[PDB]
Every structure is written in structure tokens, then in C-alpha cells.
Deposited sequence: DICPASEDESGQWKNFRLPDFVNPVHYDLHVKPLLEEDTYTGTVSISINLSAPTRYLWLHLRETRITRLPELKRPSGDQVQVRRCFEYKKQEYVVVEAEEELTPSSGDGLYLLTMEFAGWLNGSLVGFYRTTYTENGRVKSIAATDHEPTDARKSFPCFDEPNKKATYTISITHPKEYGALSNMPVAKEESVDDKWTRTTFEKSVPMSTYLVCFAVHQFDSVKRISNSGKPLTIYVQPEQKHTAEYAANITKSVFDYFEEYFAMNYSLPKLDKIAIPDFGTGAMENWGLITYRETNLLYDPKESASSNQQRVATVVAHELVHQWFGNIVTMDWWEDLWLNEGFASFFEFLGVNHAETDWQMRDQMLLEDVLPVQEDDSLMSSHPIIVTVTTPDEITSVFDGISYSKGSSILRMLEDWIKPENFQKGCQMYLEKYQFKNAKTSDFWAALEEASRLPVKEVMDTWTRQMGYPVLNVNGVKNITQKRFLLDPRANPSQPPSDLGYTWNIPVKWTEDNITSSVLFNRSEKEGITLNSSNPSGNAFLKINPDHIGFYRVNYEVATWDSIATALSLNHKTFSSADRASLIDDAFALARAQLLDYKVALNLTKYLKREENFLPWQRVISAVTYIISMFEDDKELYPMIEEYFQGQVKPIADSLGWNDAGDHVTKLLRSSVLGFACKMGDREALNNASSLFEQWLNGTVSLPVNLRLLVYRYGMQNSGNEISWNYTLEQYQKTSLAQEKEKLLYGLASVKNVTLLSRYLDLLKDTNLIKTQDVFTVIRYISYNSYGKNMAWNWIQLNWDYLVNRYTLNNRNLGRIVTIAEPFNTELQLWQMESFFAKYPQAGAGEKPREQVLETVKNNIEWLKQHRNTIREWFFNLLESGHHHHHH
């Protein structure tokens, strides 16, 4: 109204990107929330470096409105006359036109733009918002911000691009019963009324808008002091105070580890962590004020699982990495997002490995990132690590497996190739050089190139400027050739067009009789290379350290299966997982006969290690999933795999005994036993469930989820469903709540699942942060697979209105359709997508799930008979 929307395109504000010649230096930001009203107001004054004649100044603003007419100051100090302001919706700009036009800022002086604005605290989990929780029967409020990637512009008007780094001095006017937090320590507090306080924080270091954070809270705190002497504190609800201890421990340990590892001081005087009761992502690395979802921060050793402990430790470590990679040095543009996310996803493992010695974290990288993303990056609808992004929806979409997991994986390969010592030093030099500035990927290669003189740019470009990865084809034990690996054999291997033409410079490592050698396999060696003792067996890609698959000759694969049956310990746990993973992905891709892959599972009655069991379970889950409705194949696949896990499931038993990894193994192994229909494992689940319903018995922590799931699935009814729903409401621990939600989604009852789906619209019952989690849980239910899919279709307009098409989790919800494997189901998907063609952040997930479902249909056609034969002839 005061800056009305205009469809005037005839200016530079038509461009998606901000102009080069306008840079901010300093933000004077003041916000005043009316908590009980779900509104806030604010004023911002921004010091501006101008480099070119312009009659217009524009910056980002979404939803939040300008309250009066903006006012501008010349570097001399005089008031610049303003003709108009207008909003340009298409590119999320507010634009002000001078009755003038003025010249650059040539010295140390700068323009100053002052704007008044008003926004909403309700209906959203981005920008600046308020949510509630209950304490001693009273409803309490907390307000906070979440900005990454393009939501700072909702909180306040700003130059909302990662390279437009400016300095910040923030102040908030809030009721006195509340404390206020931000990036920097408190500088001064002053009484406005006898009811209100104005809290001003000290000047920030130059930082990106997406990192700017503030909160208004009545939380207690658990405190720690770094080796640096700086306070590290975790803010937490008084009720939940005891559950902040572990995170406090890890924060200290990992903070102290990283500061020494990166050879650089944490830039700020303090660091705070806080979990918002309703929070839209996992966690956010806001410099000095890291916000969390409760499940990722709050841990109770008396109620939480080892899985939960590891998750907390890992996310805390992840977030801490960002204080260096992302915060100190930021990517120049979102196309280089992996410089943030891949680095955090890599170093998170080093952090927690320091904190927790017997967690085998380094190996767990294979399970967490490497192998899962090799699935993702074998689709045509993957994308290169460096990604062209032209809209806010595209930007948010690339916060994905490629950025995180493949990012993490190619750094893991890089480190090993280049040696840890040199990788470390190179990272340090990168941090020294670009501190408080922005870097491109090119900048990082050159940094490590200074630390190795190895051809980092030449080699790593191949892993980074094109999607996908190679399979190494072994000819004669010793000759290898590279070929792009795609899950779909019908797909055109040259698409989409790549300058590098889908050949890679592959750092290749192999083990000859307990001795290790290294070669760079050059792109330009079109007809392959020969691996340099007269050997009878070459173990290529030890610990799956390189981001590629190895396809041995069938004879060799056959001999591996035999070696496993005779003495599996001949191979390391990682090597076993890796051979199993490759074989099954190769069979999936029609590059290896399924009989050969399945033959590798024969030894399993003697398998006792975590890594191979995890990758076996992953591979079987897919195959079992494809044959769910096949009355012929399914019982046979079930009977066999039931027999294979029985010994290890029996050996570990239904009790929390052993070290971290053993307990993780027991969980997944007992879960798989239950999934495969082992009557005794199911009986244990039902028995413990029945006891838990008696209201006294606290279940062994690493068995709970299984007991809620299989207990509800096998003996749940309305009475126990209602009980479980009450328990979910009554527990304060978010990690327990989440397990109970999975339990509730496990009932074999259409009426009860229907009630559950209806609860998604009730914000008193299911939190906004948890809606997509619940939909996904329901989709795993044999009835709910179709119920969840049907519900998101019927309620699509409702979800879009509630979350917006810019919401990443909403974009991704269509992946509940992954198990689909008929032409009928594919037609349903396409019909639905055609009806709602505005996909937003769901554009890529749609492409991916369509490719997956098409692969599934093909897979069934190609392999049903072969797999049937293998099982029939065996049983």
C-alpha cells in the first residue's frame, strides 16, 4: 500500500541477482515483537557503498511490509529526496526511486538507507516467528529466527545474498520477563517502560544475512568454558534442563578439537545453542547462536537410544564445523553450497571421533554418506556438485544428498589421496586467505594445490563439474577401464551434456597381499590403465575410499563368495560392506548377474559386524520391497534372510549390553529379524510392548523403537493406540515423542490411521516441524503406503498454503512414492503431477521419484525370474 506492488520491469531490479555496485557495510537493526499479538515492528538503517550512477536502490523483502516511506542519506549526511518506493514481487525486491540519482562513494563515507517495517510471527517456521510450550501448566512463548537460504528477507529488509557480507549491531525491545539472545554477547540493557527492556548486542564481525539470528526466550541454561576461556552455553527449558548435559559435553570437546585442528580462533566472544520447540530444519549454524530441533540437541541417557546419542553428537559437531566453514569463509554463491555443507558433513565425523573414541565414526561415513549417495548419484536426475540455481526454489532444493553426502564423500577421497596431513594444512591456508570473505570452488583447489603441488584442480574438477560417478571394469585381474555408472541401462550415458564427457580422473588405491599402492587414473587414458608380486587377487578400492564402484570379473566375484563362506574375516568389515554394496548395485544396474550378487549373502550366518549387516539390510530392503505383493517370491526371500540373521539376532538378544557399535548392530539386526517375520523376535516385541502398556516398565533404550513399531503392528488396537497417543503428549523428551509417532504409524488399522492423518491439521497435537515425518512414517505402513500418498493428493492445496512451494520438506514429500513399481502407480503419479504442475522446491524430487518408479517397473520385468530361480533352487 505504501510501497505498492508494481509490474514495472524496465529496470535492473528485473534481474534475479542483486547488482554488483551496491554493497552494504553495516546494519543497524531494531525489532520489537508483540508476542501475544503475533506481530513485530522494526527499523533498519543500512550503510551502503555505491559504485555506479543509479536512480534506484533495491533489496530483498518478502511478506513483511514497509510501514512508511524510506529515507536516504548522502555520504555527506544530507537527506536524499525520494519520489517513490514500490515492490517488485517477481524477484522479491522492494525498490525506492530518488527524485535524483547519485554518484559513487569514493572515500571512507557511505550512504545510509533507513526503512520501517512490520511483519507476522504466526503461520510459519521461517523468518522471525513465535512458538509455544507448556511449563508447569502455563503456556509460554519463545520467538526466534531461521533464515537459510533466502528467509532473512522475511525477517527484515536486507541484501539477502551470501556474498553481501556486512557487519551487524542488533537491538530488541521485549517484555522484561524475557531474555534476548543474538549472534554477539549482550552490550547493554535499558528499561523502556517498567514493563519493557531494550537489549543491544555488541558489533558483529562481517557476516552473511542468512547467519543473522535473534531470539526472545525464558529458557534456563547449562554452561561450559572452552580452552579459549569463552563461555559455551546451551539454553533449554527448565523441565528439560537435565537433557542438555550431553550436548554441553560434546560442544566443549568438539569446539576445542576444531579450534586446534583448523589452527584458527573462533571469531566470536561466545557461542550459544538453543532448541526451538517448533523448528523447520535439523539445526542452523547461526554464528554464535546455533538453533536446533530438540531431537538433535536434547538427549537423556536414561531414555534416549545410542542412535539418538550419535545423532546429537554428530549434528552438534556439524554445526560447530560451520563456525569455520560457512561462517568465517562463506561460498560466493549458492552454486558453491557444498563448500559449506560438504565440509561440515565431512568434518562432523572427525569431531565426534575425537569426542567418542570407540564409535568407529570414520568407518560409519560409509553408512551415513558414501554408500547412500552412490544410490542417489546413479540417477539421470542427479546433478553436479557445482549447481546452476536461478530462483529461491532452486537454491533451497540443492540442500540435498549431493551437497552434503557426495560433498563429504569426495573430500574423504581427496584427503586419503592427498594424505591427511596435507589436506589439513591446505584447509588452514584456505581459512587464512578468505576469512570474512567469500570463496569459489576454484579457490579451494588452489589452496590444497599449494599444500600438495598435486594436480588438485585437474582431478577434482571431474568430480565436481559433472554429475555421476564411474564403475571400474576389471579385465584380467589387473586391467581396469572406467565407464559411467547408471542404474538405468536404457539411459543415455552422455546426457545431460558434459564438457568432461563423463570420464574422471580417479585416484585409485588397491591392496596386494596386505600392501597398498596408488595410481591416478587419467581421463585421457581412453583404453584404460594397468595396475602395477605376481598376484592371484587384487582388492581394489580398500574401505570404499574412492567414490566409484568396482566390477570384478564374474570368476573373481564367484571366488569372493567362496572366500566369504570359508573365512569372511579375510576381508575387513568395511571391505565386506563395500563388496556387498557394489555387487547389489551392479545387479540392480544389469551389470552383474543377480545370482552372483546373492551368492555373496550365503556366509551371513557368521557375519557379526555392523557395516556389512547395514549394507546387506539396505540391499535386501529394496528387493523385498519390490516383491511385497508377490506371493510366490516373498515368502522365500523372507524365509532365507530370516535364516541368515537369526544367529546374530539370537546371539545379541533383547537387552542393552555391549559397546556403542554393538548396540547399534543389535537394533538393526533385531529390526531386520522382525521385518523378515521371525516369530520369536516378533514375540519379544509384543511381550515388551504389553509390559510397556502396563505403565511402569521403562524399556531398554536401544529396543524401544522396535518395540513400539512391531508391538503396535502385531498387537496394537484402539485401547493401546489411544494410550500411546496420550504418552506421546505427556513425554517432554522429543526423541521419545518421535519414536511414539513411529509406533502410532505402525497400527494395522485403517480407521486409526485415518484419525492419525486428521491429526496432522491439528497444531495442538502434531507440531508443524513433524508433519512430514509423520506422513512418511504412515507411508511405511502396509495400508498407509497408499493412505499417505492419497492424503497428500487430497490435501495438496492445504499443504501448499500452509508451507509454501519454497518449503524443501514439502517438495520432498513425493518421495513417499519411491516403493511404487507398476505402470498403474506411475500413471497416478504423473496424473497428480500434471494436475499440480507448479512444483516449486519439489521440482527435483519429482524428477527423481519418477525415475526411481520407472526403474522399479523395469527392474521387476528384468529380474523376477532370475531372482525366483536363485531362491527356489536354494530352498
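Residues of the deposited sequence lacking C-alpha coordinates fall in the stretches 533-536, 880-888, numbered from 1.
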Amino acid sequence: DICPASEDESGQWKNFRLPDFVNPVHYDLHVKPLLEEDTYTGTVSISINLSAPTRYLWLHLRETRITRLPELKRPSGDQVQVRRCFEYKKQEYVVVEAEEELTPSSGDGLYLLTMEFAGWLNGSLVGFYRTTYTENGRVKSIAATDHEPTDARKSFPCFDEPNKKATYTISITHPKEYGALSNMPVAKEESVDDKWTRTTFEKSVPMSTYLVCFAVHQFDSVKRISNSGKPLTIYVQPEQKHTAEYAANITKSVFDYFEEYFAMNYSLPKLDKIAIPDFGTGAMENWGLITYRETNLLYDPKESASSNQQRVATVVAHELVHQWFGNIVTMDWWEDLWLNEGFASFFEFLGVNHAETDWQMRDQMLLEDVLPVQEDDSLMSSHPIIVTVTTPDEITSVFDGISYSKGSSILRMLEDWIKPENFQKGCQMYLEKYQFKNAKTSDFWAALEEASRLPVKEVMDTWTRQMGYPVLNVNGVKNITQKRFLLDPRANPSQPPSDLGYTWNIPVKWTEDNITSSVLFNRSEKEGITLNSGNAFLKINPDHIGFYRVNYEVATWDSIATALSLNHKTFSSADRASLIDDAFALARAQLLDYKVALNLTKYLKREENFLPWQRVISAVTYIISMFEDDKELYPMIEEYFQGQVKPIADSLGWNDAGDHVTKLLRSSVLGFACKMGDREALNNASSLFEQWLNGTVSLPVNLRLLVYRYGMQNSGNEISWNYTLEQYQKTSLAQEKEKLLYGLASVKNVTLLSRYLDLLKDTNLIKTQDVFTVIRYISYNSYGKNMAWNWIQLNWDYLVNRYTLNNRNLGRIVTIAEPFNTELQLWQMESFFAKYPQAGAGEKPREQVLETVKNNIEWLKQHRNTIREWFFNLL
From here on, numbers count along this sequence of modelled residues.
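Between two forms, the rigid core is the largest collection of C-alphas that superpose within 1.5 Å.
Comparing 97-105 with 318-326 by root mean square Cα distance to the shown form in 5 other deposited structures of this protein, with the rigid core used for the fit, gives 97-105 as the more displaced stretch. Stretches 394-402 and 248-256 differ in mean C-alpha B factor, with the higher average recorded for 248-256.
Just going by the entry, 426-434 versus 229-237 on mean CA temperature factor gives the higher value to 426-434. For the set 25, 867, 860, 853, the PDB entry assigns the largest Cα B-factor to 25. Across 51, 64, 831, 825, the greatest Cα temperature factor reported in the deposited entry is at 51. Residue-level temperature factors show residue 34 in the middle third of its chain, judged at the C-alpha atom. Per the PDB record, residue ranking by Cα B-factor puts residue 45 in the highest third of the chain. Compared with the other modelled residues of the chain, the Cα B-factor recorded for residue 223 ranks in the highest third. Compared with the other modelled residues of the chain, the Cα B-factor recorded for residue 465 ranks in the middle third. When the modelled residues of the chain are ordered by their C-alpha B factor, residue 60 lands in the middle third.
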